[PDB]
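Input: a single structure, listed below in structure tokens.
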Ligand SMILES: Cc1cc2nc3c(=O)[nH]c(=O)nc-3n(C[C@H](O)[C@H](O)[C@H](O)COP(=O)(O)O)c2cc1C
Ligand code: SF4
Ligand code: SF4
Ligand code: SF4
Ligand code: FES
Ligand code: FES
């Protein structure tokens, strides 16, 4: 076609799109490493 | 073995790996100027005064943090290093306030002596200076923070030796400010050592505030009797009086730090 | 601006703040976004979430975030004061921002700023008494090509004129949040005078593929 | 092999840089994405770095550094630590819109680039740091990552390949200095956006104290198609030492400011005449150009007519190529006002941990505002030059250099204007 | 942080009574060795001088700071507690 704009989805994004997406994505991701330590304190 | 041949103005010196240019020069007798490196605290290249040229590298390197390499000659009295120091002091003394006869670190200021040895002799800063809001910590430390130089040698002490994490940097640029974002007492058994750590009189001790000046003083080396640590101490006297208490250096006890009772 | 806190009745540690239950699930997702240790990496997103749940950052929020992360509050204060998108004083329902760097001052963004000041009856960095609009002049925003632009709560209105910001304010003053993007015949970074970089279609998979 | 500055759509590497076809998987999968990436990964890491080094790809960020030589710094095996691929999208420099317009309208290219670059290196996952004002762009990118995870291209078996990967999305909070190699890392780690000294280089101890290789958006977005089509194909574009296609942003004082992909070493006059039709008032009215975003000096129109858009050429021109965001002046402009605005910008965006950019940037802001008003004398211009040369190499990061170079370009080409303003203010 | 007022040996005397003159408050003395301070380049020389002039001495052996392993990269550790949280 190449005759009009087609990234119009972002006219319908609220304040909580990014973080809802990350909340969805947390299931897909792997278990992360560890430093053998809960924090550098 | 694990040694490295290094040169300091031609003079060879053998040093371990993981060292720095600054340690290698201290091994010869040459100490590089400083406003951020202490040798007990963490390293952070914030003042850019430890800038020496290498004999064929195109630029300068911060000697407080750069580890040394095999086959390096370190030019401490070259023209690039001297120009670097002159520029750094131009910057540091640009927004600095003319409070030398008020500032209790009068004959005790590394900014003064470094401007006097390694620096220029004139200001080409024809503009207005800044000013910073002062904080009310407590009855010991007296923050006059328009004359601070943002070296972080106090927040490093708070985090790494006292275990406090109540001191930081708010903002960015000239408008950046060191201290607490809220009115808080930096009150600990090791708080009076920030007075010595700070090269500048941005924070001084309130008891000693305005009472004396360092050339007046006679320094007699003594010890503490408050606790059973035995911390080596200086007792500075002015006309048969006792003006202030200072720590001595000793690596087995009192690693440059004394408590607040004993000062 | 100030970079120091003095306890106001509004902004004080006893000012009420807490995260909703969904915000806590977003927080644990964010912390799973960073390793088992080094969970202090979530300071920026969690603090943006606090700014988002209440519009701005009282000191109570800046301490509750430290509590949630088990971090000292001074680090959160350092972060919030460093980065400019964190509003430590309250602002309006629509936070207007205008680029004034050379790629957008050189196209007279100040005309937009003038016509935007007289429409609201405010100086640059002031608020309105209805608490519906604020205004600041800021630096670059990454759409320098469509140079005269503004930013209203996470969306850009680009290559605009005084008429095409008066229109926008009249729409914002009615409950109609309008469509972002270039307010001209364009819609993107394209050149206005017809296609010049590509008019043919794009090639498909395997085109120019290397042997392997 | 001469006067080569214009190319065709067969070679367009960002085919959907105008949002005309689609940006999701169904529509980026038709433009040649995720075609044989399984085979590319199963080929090996050394082969990808070979493609990189043969392509002659220099860094498409500010500093143009040959990749392959860069990404090979952590080809070395694991010291019981993870590895990471951080992508730089804090598109904070003036004039720059290329990362914005790839982020939206072509995210799957970037995702494939992350994955291929990680397998070229080793990487448990990636962390795409993006600007904070880029909210909707980041949302489009997160939808793209969602689609790729659901499709089976990232995660436990990424395109088969027995290679597990994740692509995270960090989101900044409005700083320009966080686009540095290490300030990006510190802000990811959750501290002030303050650079690091370098050494230690990020390839040995970086994010979370683990190795990293920072990389611009387009530098990674062009990698998988380089592996799929070859470096020699990519090296054919550009000279022997300045190679590749390049995204070009053109800003200010021209009839059609746009973002365009074009062949490297193109002449700038061709760049502005063909694309972004000629400057306001035509070539009669040009005053000066800033080819880099803002951390590069000016051109006085004497050496833009017959000068190429390259690293080496602009270096010979006492200038430099950065993000290749061209800015143009038209003789209707107080140029000192423009450079003073740029220095105000650098003052606002300075971090403040190293003294030269903390003090001298405000020195120069005050001095250039004074020159704008004209309340100085000509003996201060050489002083300003000296302040610049002090700030240049005695900083940690390259922001001091970026705030010094424009002042140098102005004094080097527009000193009679400063003199005129000074004598005007003096006589009045 | 300067260490050039070190590097030389010295020889002080025991301090003695200092009192206030009743007129003005000036610190008075009856001993003339109050401000006696000498400078030697070695310890042997000072021991020799004190033995030569019949004075009894008490020595403080030299105190050098330990060489320390400084590293800037230890501030950004993965496992250790040297991971500083500020900059
Ligand atoms: C103040 C400052 C800002 C920078 N901003 C960016 C930026 O916004 N985007 C970018 O890609 N690089 C930026 N850089 C350069 C990065 O170091 C570079 O992108 C990164 O190291 C990747 O290098 P590469 O181009 O070889 O891939 C900036 C550097 C400085 C000193
Ligand atoms: S710190 Fe005090 S003594 Fe030193 S230069 Fe500043 S005002 Fe003068
Ligand atoms: S208060 Fe003193 S120690 Fe702290 S940053 Fe300022 S000059 Fe350095
Ligand atoms: S040059 Fe500026 S931005 Fe870079 S480290 Fe120094 S103060 Fe920070
Ligand atoms: S002593 Fe090295 S930068 Fe301060
Ligand atoms: S300079 Fe205005 S948006 Fe970039």
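Don't worry about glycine lacking a Cβ; one is built from the backbone with ideal geometry, like all the others, and counts go over all protein chains shown. The values are calculated or read from the model by the stated rules, or taken from the named source; these are not laboratory values.
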| query | What residue, among those in the stretch C:127-147 that are within 17 Å of the chain's Cα centre (by Cα) and more than 7 Å from chain D (Cβ to nearest Cβ), is nearest to ligand 1 (Cβ to nearest atom)? | reply | C:138
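Given the options D:265, D:294, name the one that is outside any helix (DSSP H, G or I), more than 8 Å from every other protein chain (Cβ to nearest Cβ), touching a residue at least 60 places away in the same chain (Cβ under 8 Å) and buried (at least 17 other Cβ atoms within 10 Å of the Cβ).
Going through D:265, D:294 in turn, the sole match is D:265.
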| request: Scan the stretch C:145-158 for residues that are in a loop (DSSP other than H, G, I, E, B), surrounded by fewer than 23 Cβ atoms within 10 Å (Cβ to Cβ) and in contact with a strand residue (DSSP E or B) (Cβ under 9 Å, 6 or more places away or on another chain) and jot them down. | output: C:153, C:155
| query | If you take the residues of the stretch D:337-359 that are away from ligand 6 (no atom under 16 Å from the Cβ) and within 25 Å of the chain's Cα centre (by Cα), which of them is nearest to residue D:253 (Cα to Cα)? | reply | D:350
| Unique match (being crowded, with 21+ Cβ neighbours inside 10 Å, on the phi > 0 side of the Ramachandran plot and in contact (Cβ under 8 Å) with a residue 12 or more places away in the chain) among D:206, D:252 | D:252
| task | Could you pull out the residue among D:376, D:369 that is outside any helix (DSSP H, G or I), more than 16 Å from ligand 1 (Cβ to nearest atom), within 14 Å of chain B (Cβ to nearest Cβ) and under 21 Å from residue B:91 (Cα atoms)? | result | D:376
| message | Return the residues of the stretch B:43-60 that are more than 9 Å from ligand 5 (Cβ to nearest atom) and surrounded by 23 or more Cβ atoms within 10 Å (Cβ to Cβ); say none if nothing qualifies. | response | B:52
| query | Does residue C:141 fit the bill of being outside any loop (DSSP other than H, G, I, E, B) and surrounded by 15 or more Cβ atoms within 10 Å (Cβ to Cβ)? | reply | no
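Just checking, does the stretch B:168-181 include any residue being exposed (fewer than 15 other Cβ atoms within 10 Å of the Cβ), out of contact with any strand residue (DSSP E or B) (no Cβ under 7 Å at 6 or more places or on another chain) and part of a loop (DSSP other than H, G, I, E, B)?
no
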| query | Are there any pairs with C-beta distances below 6 angstrom linking a residue in the stretch D:342-357 that is more than 10 Å from chain B (Cβ to nearest Cβ) to a residue that is more than 16 Å from ligand 5 (Cβ to nearest atom) and outside any helix (DSSP H, G or I), with the two at least 6 apart or on different chains, and if so which? | reply | D:342/D:294; D:345/C:101; D:345/C:139
| Looking at (1) within 9 Å of another protein chain (Cβ to nearest Cβ); (2) over 19 Å from the mean Cα position of the chain (by Cα); (3) free of Cβ contacts under 8 Å to residues at least 40 places away in the same chain, which is the only condition residue D:236 fails? | (1)
| request: Take residue D:67 and decide whether it is within 9 Å of another protein chain (Cβ to nearest Cβ) and buried (at least 24 other Cβ atoms within 10 Å of the Cβ). | output: no
| message | With the condition being within 16 Å of ligand 4 (Cβ to nearest atom) and either touching a helix residue (DSSP H, G or I) at 6+ places or on another chain (Cβ under 9 Å) or closer than 21 Å to residue B:199 by Cα (or both), I'd like the strands (runs of 3 or more DSSP E) fully within the stretch B:39-135 carrying at least 3 qualifying residues. | response | B:60-62
| task | Inspect the stretch B:121-133 for any residue being more than 16 Å from ligand 6 (Cβ to nearest atom), under 29 Å from residue D:366 (Cα atoms) and touching a strand residue (DSSP E or B) at 6+ places or on another chain (Cβ under 9 Å) and give the result as yes or no. | result | yes
| Within the stretch D:225-238, can you find the residues that are in a loop (DSSP other than H, G, I, E, B) and crowded, with 18+ Cβ neighbours inside 10 Å? | D:230, D:237
| request: State all residues of the stretch B:135-155 that are more than 13 Å from chain D (Cβ to nearest Cβ) and either more than 25 Å from residue D:361 (Cβ to Cβ) or away from ligand 2 (no atom under 16 Å from the Cβ) (or both); if no residue qualifies, say none. | output: B:135, B:136, B:137, B:138, B:139, B:140, B:141, B:142, B:143
| field | Only listed residue being more than 27 Å from residue C:73 (Cα to Cα), within 14 Å of chain E (Cβ to nearest Cβ), in a loop (DSSP other than H, G, I, E, B) and within 13 Å of ligand 1 (Cβ to nearest atom), chosen from D:211, D:202, D:195 | value | D:202
| remark: Among C:67, C:78, the single one that is within 16 Å of ligand 3 (Cβ to nearest atom), within 30 Å of residue B:155 (Cα to Cα), in a helix (DSSP H, G or I) and not assigned by CATH to the domain that holds residue C:190 is C:78
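Here is a yes/no grid of residues against (1) surrounded by fewer than 12 Cβ atoms within 10 Å (Cβ to Cβ); (2) facing chain C (nearest Cβ under 7 Å); (3) assigned to a loop (DSSP other than H, G, I, E, B); (4) in contact with a strand residue (DSSP E or B) (Cβ under 7 Å, 6 or more places away or on another chain):
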site	(1), (2), (3), (4)
A:3	yes, no, yes, no
A:10	no, no, no, no
A:13	no, no, yes, no
A:23	no, yes, no, no
A:31	yes, no, yes, no
A:35	no, yes, yes, no
A:40	no, no, yes, no
| field | Residue tally, condition in a loop (DSSP other than H, G, I, E, B), under 23 Å from residue D:16 (Cα atoms) and more than 12 Å from chain C (Cβ to nearest Cβ), over the stretch D:239-262 | value | 1
| query | Listed residues C:204, C:175, C:185; which is more than 25 Å from residue D:132 (Cβ to Cβ), part of a loop (DSSP other than H, G, I, E, B) and more than 14 Å from chain D (Cβ to nearest Cβ)? | reply | C:175
| Does residue D:403 meet the test of being part of a helix (DSSP H, G or I), more than 7 Å from every other protein chain (Cβ to nearest Cβ), under 23 Å from residue B:176 (Cβ atoms) and in contact (Cβ under 8 Å) with a residue 60 or more places away in the chain? | yes
| field | Single residue of the stretch B:1-29 satisfying the filter (free of Cβ contacts under 8 Å to residues at least 12 places away in the same chain and in a strand (DSSP E or B)) that is farthest from residue B:77 (Cα to Cα) | value | B:14
| The listed residue being within 11 Å of another protein chain (Cβ to nearest Cβ), away from ligand 3 (no atom under 15 Å from the Cβ) and closer than 28 Å to residue C:6 by Cα, out of B:171, B:128 | B:128
| said: Going residue by residue through the stretch C:52-64, is there one that turns out to be touching a strand residue (DSSP E or B) at 6+ places or on another chain (Cβ under 8 Å) and either free of Cβ contacts under 8 Å to residues at least 40 places away in the same chain or not assigned by CATH to the domain that holds residue C:167 (or both)? | reply: no
